[PDB]
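Take a look at this one chain, the form deposited in one PDB entry, written out in structure tokens.
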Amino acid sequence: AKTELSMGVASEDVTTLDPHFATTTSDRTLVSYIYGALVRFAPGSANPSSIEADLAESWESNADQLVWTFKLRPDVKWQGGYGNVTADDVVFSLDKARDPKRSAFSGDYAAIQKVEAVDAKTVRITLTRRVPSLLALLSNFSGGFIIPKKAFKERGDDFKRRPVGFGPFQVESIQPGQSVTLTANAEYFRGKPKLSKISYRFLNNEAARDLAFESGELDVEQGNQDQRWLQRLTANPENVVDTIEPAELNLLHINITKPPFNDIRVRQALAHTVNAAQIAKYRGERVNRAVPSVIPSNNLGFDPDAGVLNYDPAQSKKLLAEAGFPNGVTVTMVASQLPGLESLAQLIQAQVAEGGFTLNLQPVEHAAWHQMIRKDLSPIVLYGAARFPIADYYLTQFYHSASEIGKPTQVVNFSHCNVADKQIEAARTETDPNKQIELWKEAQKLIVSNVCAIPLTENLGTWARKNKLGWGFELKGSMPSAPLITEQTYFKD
């Protein structure tokens, strides 16, 4: 039986395999193969209702939902001889995850007061205030992944390149800018993987990646957001196409503090000459959808009536003239070379010329671009992402003033949005589902009318597999919008 899987992704390299820092789809995908968490999404699901036992066998909460106790499975062992997974490892991981100096996702854990190892198999988490979902924070995504205290202490700066998890796969070696070689974790607590090896290959160029998949060089390849790729790959009977939840929302985040965009009329002019409905139609409706708000449509608290500015390029030119620009505006955007983001920026560039904007694009490799946008190097940021499907996540990270670039608490608030802080904070601890949803909708209307960010389309993850490969479960979703490979993944006879 075939046991070695070859996979091709839209990425140039590994940046970090430390789960408290892994942000790009590619790093998050590799991290989902290496690590586990206290709780997890069911394999093949990106649905929170599927949150179930992983390292924690079970858990208990008190009535005020501030104290959560987790009972750890005793049979879970670390990769690379680091022995049994203990409560001390969980305390270390969660204390690191909630630390802004040692984590990119500390903001998610702001409500945590303390994490205690009651005994070797028992973890107690105490919250200062209520969170919409504590289990969400402790799931196998972002800062929820558990790392060994002793392995991080020993490896330090090398840990991001030599990761240690308790997941079904381990990193044997990294071939910088070429591939990651993963081998089966033979001691994986749910059983020995059916696959012996994963060759995870960096194949950014779409035409080259498609050739490699077509020839059989790859068993799995990442697709794009275009219906032609979808049609061509379905036409060959040896392939199966997977359209994966969650959909990642793409927005033009405008830095509201920088001229000419510190004038609301200029931001409104830009919002009126982008055509999200045309983007969805051009790309294809199965994978792509125009979003009538500034957060993905699958979110608890989503506002379908957020008041998104309509397509009116005549109004754009009228607004620009009122703002002192009768001959238009030139904007230079630092643009990611991730092919989907590059194609999207190219379609935006053609569209915004209708309303008087000359959009110049400075192409930069994706991971380097991620660092530049976090140093305020672009006046506008074309960013595509999904978060845990509760409005608090997307709203805090992208639009709360504490998340703005330049602060030690910075997340992904590229727009320097500061209009919905009170509504975001109030919704976070609001008990009843309806008035919590109303505060979230209030936040969305304020973010939209201030034109902090212009929503475009949201896209489901697109991947192709050869018929011979079975995921070992039905693939509907995966939090990174990329396939999950587990101990159940196998090749058919």
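Sequential numbering from 1, following the sequence displayed. For the two forms, the rigid core is made up of the largest set of C-alpha atoms that agree within 1.5 Å on superposition.
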query: Higher-B stretch (mean Cα B-factor, as the entry records it), 149-157 or 338-346; finding: 149-157
query: Mean Cα B-factor comparison, 199-207 or 321-329, giving the higher one as deposited; finding: 321-329
query: Criterion, highest CA B-factor; candidates, 383, 369, 282, 213; finding: 282
query: B-factor third for the C-alpha atom of residue 189 within its chain; finding: highest
query: Third of chain Cα B-factors occupied by residue 460; finding: lowest
query: Residue 27 - Cα temperature factor, lowest/middle/highest third of chain; finding: lowest
query: Residue 433 - which third its CA temperature factor falls in, relative to the rest of the chain; finding: highest
query: Residue 248 CA temperature factor, ranked by third within the chain; finding: lowest
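One more form of this protein, deposited in another entry, exists but is not displayed; see below.
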query	finding
Single mover in 80, 328, 107, 132, with Cα shift of 2 Å or more between this form and the one not shown when the core is superposed	132
Post core alignment: residue 429 C-alpha displaced by 2 Å or more between this form and the one not shown	no
